[PDB]
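Colleague: I have a structure here, written as structure tokens, and I will follow up with some questions on it.
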Amino acid sequence: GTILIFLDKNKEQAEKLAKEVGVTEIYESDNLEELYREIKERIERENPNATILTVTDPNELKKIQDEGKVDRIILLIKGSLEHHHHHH
């Protein structure tokens, strides 16, 4: 059973792709990179026969969805408030 992830720092890119590709499962968090791990950890508990696919470009996501060889598709979006602290 194959899982397809899409990751983006920008919400409009993920929204516009979801609308052209026909996908509805969208998640958003300031901790985008920790959320990815927290989802994949639960995939490993729920799907012992999992296959991992992960994307950052709509040409790659569209090429995979053209073939439709996937059991679930999930979009993850970064929240606007996250920045690191700096002292120099």
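The chains in the structure tokens are called A, B, ... from first to last as shown; in each chain the residues are counted from 1, and the ligands are counted from 1 in the order shown.
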Identify all residues of chain A in strand (DSSP E) (DSSP on the backbone) and supply them as JSON, numbers by chain.
Modeller: {"A": [2, 3, 4, 5, 6, 7, 8, 26, 27, 28, 29, 51, 52, 53, 54, 55, 72, 73, 74, 75, 76, 77, 78]}
Colleague: Would you pick out the contacts of residue 51 in chain A at 10 Å or less, using only C-alpha atoms, so that residues sharing its chain but fewer than 4 positions from it are not included, and give the list as a count of residues only?
Modeller: 9
Colleague: Please provide as a PyMOL selection string all residues within 7 Å of range 72-79 of chain A, with the sequence filter that same-chain residues fewer than 5 positions apart are discarded (counting only C-alpha atoms).
Modeller: chain A and resi 2-11+25-30+32
Colleague: Next, dump the selected residues to file, keeping only N, CA, C and O atoms, as a JSON list (two decimals), in the first residue's frame.
Modeller:
[["chain", "number", "residue", "atom", "x", "y", "z"],
["A", 2, "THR", "N", 0.71, 2.14, -0.98],
["A", 2, "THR", "CA", 1.60, 3.30, -1.17],
["A", 2, "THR", "C", 1.00, 4.59, -0.63],
["A", 2, "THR", "O", -0.17, 4.91, -0.90],
["A", 3, "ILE", "N", 1.83, 5.36, 0.08],
["A", 3, "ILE", "CA", 1.51, 6.66, 0.65],
["A", 3, "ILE", "C", 2.30, 7.74, -0.11],
["A", 3, "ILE", "O", 3.52, 7.66, -0.19],
["A", 4, "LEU", "N", 1.60, 8.75, -0.62],
["A", 4, "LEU", "CA", 2.19, 9.89, -1.33],
["A", 4, "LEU", "C", 2.04, 11.18, -0.50],
["A", 4, "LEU", "O", 0.94, 11.65, -0.26],
["A", 5, "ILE", "N", 3.17, 11.75, -0.08],
["A", 5, "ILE", "CA", 3.25, 13.01, 0.65],
["A", 5, "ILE", "C", 3.68, 14.15, -0.27],
["A", 5, "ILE", "O", 4.58, 13.99, -1.08],
["A", 6, "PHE", "N", 3.08, 15.33, -0.10],
["A", 6, "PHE", "CA", 3.53, 16.58, -0.70],
["A", 6, "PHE", "C", 3.82, 17.62, 0.40],
["A", 6, "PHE", "O", 2.96, 17.87, 1.25],
["A", 7, "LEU", "N", 5.02, 18.21, 0.40],
["A", 7, "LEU", "CA", 5.48, 19.21, 1.37],
["A", 7, "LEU", "C", 5.71, 20.57, 0.70],
["A", 7, "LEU", "O", 6.41, 20.65, -0.31],
["A", 8, "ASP", "N", 5.20, 21.66, 1.30],
["A", 8, "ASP", "CA", 5.46, 23.03, 0.83],
["A", 8, "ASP", "C", 5.55, 24.06, 1.97],
["A", 8, "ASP", "O", 4.82, 23.99, 2.96],
["A", 9, "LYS", "N", 6.44, 25.05, 1.81],
["A", 9, "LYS", "CA", 6.56, 26.24, 2.67],
["A", 9, "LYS", "C", 5.45, 27.28, 2.39],
["A", 9, "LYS", "O", 5.15, 28.10, 3.25],
["A", 10, "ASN", "N", 4.86, 27.24, 1.19],
["A", 10, "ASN", "CA", 3.84, 28.18, 0.71],
["A", 10, "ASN", "C", 2.47, 27.49, 0.56],
["A", 10, "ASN", "O", 2.34, 26.44, -0.09],
["A", 11, "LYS", "N", 1.42, 28.10, 1.12],
["A", 11, "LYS", "CA", 0.04, 27.58, 1.09],
["A", 11, "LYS", "C", -0.62, 27.67, -0.28],
["A", 11, "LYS", "O", -1.32, 26.74, -0.66],
["A", 25, "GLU", "N", -7.02, 16.12, 1.04],
["A", 25, "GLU", "CA", -6.42, 15.91, 2.37],
["A", 25, "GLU", "C", -5.23, 16.85, 2.62],
["A", 25, "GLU", "O", -4.09, 16.55, 2.25],
["A", 26, "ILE", "N", -5.51, 18.00, 3.24],
["A", 26, "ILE", "CA", -4.54, 19.06, 3.52],
["A", 26, "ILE", "C", -4.37, 19.23, 5.04],
["A", 26, "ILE", "O", -5.35, 19.35, 5.78],
["A", 27, "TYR", "N", -3.12, 19.29, 5.48],
["A", 27, "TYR", "CA", -2.67, 19.58, 6.84],
["A", 27, "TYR", "C", -1.81, 20.85, 6.85],
["A", 27, "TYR", "O", -1.06, 21.11, 5.90],
["A", 28, "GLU", "N", -1.85, 21.63, 7.93],
["A", 28, "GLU", "CA", -1.02, 22.83, 8.11],
["A", 28, "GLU", "C", -0.46, 22.92, 9.54],
["A", 28, "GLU", "O", -1.20, 22.70, 10.51],
["A", 29, "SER", "N", 0.82, 23.26, 9.68],
["A", 29, "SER", "CA", 1.48, 23.49, 10.98],
["A", 29, "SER", "C", 2.75, 24.34, 10.84],
["A", 29, "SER", "O", 3.48, 24.24, 9.86],
["A", 30, "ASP", "N", 3.04, 25.15, 11.86],
["A", 30, "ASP", "CA", 4.32, 25.85, 12.00],
["A", 30, "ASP", "C", 5.49, 24.85, 12.18],
["A", 30, "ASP", "O", 6.59, 25.10, 11.69],
["A", 32, "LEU", "N", 6.04, 22.05, 10.56],
["A", 32, "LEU", "CA", 5.82, 21.27, 9.33],
["A", 32, "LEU", "C", 6.71, 20.02, 9.23],
["A", 32, "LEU", "O", 6.24, 18.92, 8.93]]
Colleague: Enter the distance from CA of residue 56 in chain A to CA of residue 13 in chain A, in Å, rounded to one decimal.
Modeller: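 Between CA of residue 56 in chain A and CA of residue 13 in chain A the gap works out to 10.1 Å.
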Colleague: Counting only C-alpha atoms, figure out which residue out of A:49, A:59, A:80, A:54 gets nearest to residue 21 in chain A.
Modeller: A:59
